[PDB]
Amino acid sequence: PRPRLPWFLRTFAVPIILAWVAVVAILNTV
Amino acid sequence: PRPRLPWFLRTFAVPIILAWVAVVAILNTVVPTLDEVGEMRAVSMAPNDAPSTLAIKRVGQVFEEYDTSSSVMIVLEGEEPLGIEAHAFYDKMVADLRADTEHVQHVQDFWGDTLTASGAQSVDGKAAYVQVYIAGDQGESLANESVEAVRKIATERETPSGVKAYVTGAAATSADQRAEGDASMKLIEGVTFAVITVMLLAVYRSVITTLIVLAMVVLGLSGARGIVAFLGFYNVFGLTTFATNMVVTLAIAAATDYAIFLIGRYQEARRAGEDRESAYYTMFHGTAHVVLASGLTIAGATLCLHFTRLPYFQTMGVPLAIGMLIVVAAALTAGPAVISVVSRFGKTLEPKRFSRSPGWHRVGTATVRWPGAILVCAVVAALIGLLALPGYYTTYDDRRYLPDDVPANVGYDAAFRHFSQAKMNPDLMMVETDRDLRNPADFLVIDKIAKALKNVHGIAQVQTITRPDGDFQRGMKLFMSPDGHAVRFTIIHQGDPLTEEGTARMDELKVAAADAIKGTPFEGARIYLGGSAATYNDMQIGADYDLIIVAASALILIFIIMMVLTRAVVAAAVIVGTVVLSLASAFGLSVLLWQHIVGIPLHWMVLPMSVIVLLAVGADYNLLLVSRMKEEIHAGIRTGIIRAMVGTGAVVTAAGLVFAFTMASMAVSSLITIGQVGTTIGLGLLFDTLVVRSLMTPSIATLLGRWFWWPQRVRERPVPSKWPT
């Protein structure tokens, strides 16, 4: 009975880290 | 009970190959090569109906000097300040240029006239530019010959020691832009073949099979070049430098992907355990309509590019449509025919990978149990590209996109060492009447106009009769009509005339002239203000409008075509909609790659050209999955999505990679604009192949279920069966 929000964060943790890194790179370069 | 169409291809494959061989041979022998044909059919890139173009054309008509709108300038750069010897050498060139009435209609000599000698001459006095009108408009084949002839005259003379002439002009740069695309066209073809050859070796893990794919690509490319050149020679339609390169590149990529679709499906059929005969029919049955629909989708996108106000796009869509039809015809005919014959002689097309795809097994499974979680991840990828939208901008000067080896670029750089870009393109305002203005009363008003024009900000020197260099009968000859009914004002801008500020100056100059003419007989005069700055602005207004029209029209046609094949309104809407999201992310990546990393902003033509290709090609990849989904939807929608991803796994990925690499192979072109189009299209394919194809589309179909295929009624899951023994 795991809630969707924590389960989604744990199951798909790897893409989330990549997204934040990508965002920072765009802001610093652009 | 084989159908007639596949049976006829296999049974009579040998004569079919000869028929296509016969067609290719005739085209390349009767008609010259596409590069030679393209030069003859060089369409003018400057609209004739442009107000700036019409005004400049009217100036010659009123002044009884010329009728064209193109006028290049020759920079007689010298090591030392130019004396009488160089001036006499310059004067001799004036007579020679005016002698060649075939290419030169009028020479606007300023250095020769002491009244305006300083304006044409450099500040250091070591160089001078002369505006010489050349027959034909920018982009016209006649203009290209005119540019060479004028440059030939500049070269065909004994230049004084230390003095060198440099012909510069946008039309000259445009003419040189043709050569760079044409010269690198062979180089692009060579690089494209090498990249394709390596990928075929990697994907198929074979040497004989790789040659089979290359053989079909050669037939398509040779036929595609011939027919486009064939129609061009007989003046069916003109050809654009971009169109010639795009036709070759798109034809190569389209044919190769079609070959991968057939062979990939055939090997997939072979892996199932089917015999060679059955696998051939299974390949044709399950892919012909998909390939046929892909060709129509590409043909529709190319056709929509004809409905443009800009002549460059208007004369480009039809050649693109003709070229793609040959590839689709060749792939649908030669493809099955060649596969039928070659598979007989040895075990060549049989698979060698012998590898299942656990990666697609796991990825597809995630998209089924938790489509929402996967869909959210797909949405995030699209949002990333949108971050670069606010920082997106484009420049207009083409010299940025041409290498320094261009002779126009050499003259362009030489001029700036002593002149300014404002002196390179001094915009012209003509005040035309039906009454003679060669009287002091009209001269007072004309001088009043000259005073008013100089009051306008952003104007350096209002060169005219009353202001020879912005501050007499020769000026009347130079700056007024032979009957004296008109007067022209050579307006020199401040800083960069080729900017939005220069366009705003025109409105101020028009109003200031309008105020000056008011209260005088000039109040009924006609003002004709035009120049290079307005010419670039006219392109953008056409480009901005044509960008919306073609993109919107293409989506409508793709919606119809997909709906016809898929037989489902909701399913067709998803296919078209998902591609639109991809282009939003695709466009951002191209902006980031060039504007912020390379530092060279994208050309204004890059966006309209890339939109059509991305929409058409992107939609085709989704159709491959959707068509496969419809075949496998019978055993449950959720299961059908899993098998469709497995069925079309690396097959589309290899096809997507090949198409992306072919567009990426355009970067070898010397012209940056050609490379920018390839990168923009190439990057979009990677996003669509990986994100939209594998994640966004399968997730949506899981949620919608029966509604996805409405009105064609489908079941979410079939009747549950009992467990077998």
# chains A, B, ... in the order shown; residues from 1 in each chain; ligands from 1

$ interface_residues --of "chain A" --to "chain B" --cutoff "9 Å" --atoms "only C-alpha atoms" --output "VMD selection string"
chain A and resid 8 12 15 to 16 19 22 to 23 26 to 27 29 to 30

$ residues_around --residues "range 334-345 of chain B" --least-positions-apart "2" --cutoff "6 Å" --atoms "only C-alpha atoms" --output "ChimeraX atom specification"
/B:9-10,13,330-332,349

$ closest_residue --among "B:466, B:720, B:598, B:646" --to "residue 358 in chain B" --atoms "only C-alpha atoms"
B:646

$ residues_around --residues "range 451-459 of chain B" --least-positions-apart "5" --cutoff "6 Å" --atoms "only C-alpha atoms" --output "VMD selection string"
chain B and resid 492 to 494 509 512

$ atom_distance --atom1 "CA of residue 368 in chain B" --atom2 "CA of residue 645 in chain B"
11.2 Å

$ atom_distance --atom1 "CA of residue 723 in chain B" --atom2 "CA of residue 638 in chain B"
19.7 Å

$ residues_around --residues "residue 311 in chain B" --least-positions-apart "5" --cutoff "8 Å" --atoms "only C-alpha atoms" --output "list in words"
residues 43, 44, 45, 46 and 47 of chain B

$ residues_around --residues "residue 278 in chain B" --least-positions-apart "5" --cutoff "12 Å" --atoms "only C-alpha atoms" --output "NGL selection string"
:B and (1-2 or 6-7 or 10 or 266-267 or 269-270 or 272-273 or 283-285 or 340)

$ select_by_dssp --residues "range 499-549 of chain B" --states "alpha helix (DSSP H)" --output "PyMOL selection string"
chain B and resi 500-517+532-549

$ select_by_dssp --residues "range 421-573 of chain B" --states "strand (DSSP E)" --output "PDB file with C-alpha atoms, in the first residue's frame"
ATOM      1  CA  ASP B 427      19.417  52.835 -48.319  1.00  0.00           C
ATOM      2  CA  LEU B 428      17.772  54.989 -50.982  1.00  0.00           C
ATOM      3  CA  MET B 429      14.695  57.220 -50.808  1.00  0.00           C
ATOM      4  CA  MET B 430      13.243  58.574 -54.057  1.00  0.00           C
ATOM      5  CA  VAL B 431      10.680  61.389 -54.184  1.00  0.00           C
ATOM      6  CA  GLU B 432       8.963  61.147 -57.574  1.00  0.00           C
ATOM      7  CA  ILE B 459      21.133  58.544 -40.214  1.00  0.00           C
ATOM      8  CA  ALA B 460      24.766  59.398 -40.926  1.00  0.00           C
ATOM      9  CA  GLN B 461      24.700  61.238 -44.272  1.00  0.00           C
ATOM     10  CA  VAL B 462      21.676  61.988 -46.468  1.00  0.00           C
ATOM     11  CA  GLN B 463      23.545  61.978 -49.773  1.00  0.00           C
ATOM     12  CA  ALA B 486      12.077  63.010 -59.300  1.00  0.00           C
ATOM     13  CA  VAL B 487      14.852  63.199 -56.713  1.00  0.00           C
ATOM     14  CA  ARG B 488      16.598  60.406 -54.816  1.00  0.00           C
ATOM     15  CA  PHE B 489      18.269  60.501 -51.394  1.00  0.00           C
ATOM     16  CA  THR B 490      21.165  58.109 -50.711  1.00  0.00           C
ATOM     17  CA  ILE B 491      20.532  57.624 -46.996  1.00  0.00           C
ATOM     18  CA  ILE B 492      23.587  56.482 -45.027  1.00  0.00           C
ATOM     19  CA  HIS B 493      22.650  54.892 -41.707  1.00  0.00           C
ATOM     20  CA  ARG B 526       5.433  59.839 -54.498  1.00  0.00           C
ATOM     21  CA  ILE B 527       8.053  58.666 -51.989  1.00  0.00           C
ATOM     22  CA  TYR B 528       9.982  55.459 -52.748  1.00  0.00           C
ATOM     23  CA  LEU B 529      12.188  54.440 -49.811  1.00  0.00           C
ATOM     24  CA  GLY B 530      13.893  51.055 -50.040  1.00  0.00           C
TER      25      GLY B 530
END

$ residues_around --residues "residue 73 in chain B" --least-positions-apart "4" --cutoff "8 Å" --atoms "only C-alpha atoms" --output "ChimeraX atom specification"
/B:129-132,167-169,424

$ write_last_selection --atoms "N, CA and C atoms" --output "tab-separated table (two decimals), in the first residue's frame"
chain	number	residue	atom	x	y	z
B	129	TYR	N	34.44	52.20	-53.28
B	129	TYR	CA	33.41	51.29	-53.74
B	129	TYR	C	32.52	51.99	-54.76
B	130	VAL	N	32.13	51.25	-55.80
B	130	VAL	CA	31.26	51.76	-56.85
B	130	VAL	C	30.08	50.80	-56.99
B	131	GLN	N	28.87	51.33	-56.89
B	131	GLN	CA	27.66	50.52	-57.01
B	131	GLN	C	27.35	50.32	-58.48
B	132	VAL	N	27.44	49.07	-58.95
B	132	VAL	CA	27.20	48.73	-60.34
B	132	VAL	C	26.00	47.79	-60.39
B	167	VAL	N	34.97	42.75	-55.44
B	167	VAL	CA	33.54	42.86	-55.70
B	167	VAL	C	32.78	42.25	-54.53
B	168	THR	N	31.87	43.03	-53.94
B	168	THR	CA	31.08	42.60	-52.80
B	168	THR	C	29.61	42.92	-53.02
B	169	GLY	N	28.74	42.07	-52.49
B	169	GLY	CA	27.32	42.29	-52.63
B	169	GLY	C	26.55	41.08	-52.13
B	424	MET	N	28.27	50.16	-46.97
B	424	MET	CA	28.08	49.01	-47.85
B	424	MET	C	26.67	48.96	-48.41

$ closest_residue --among "B:635, B:318, B:18, B:533" --to "residue 721 in chain B" --atoms "only C-alpha atoms"
B:635
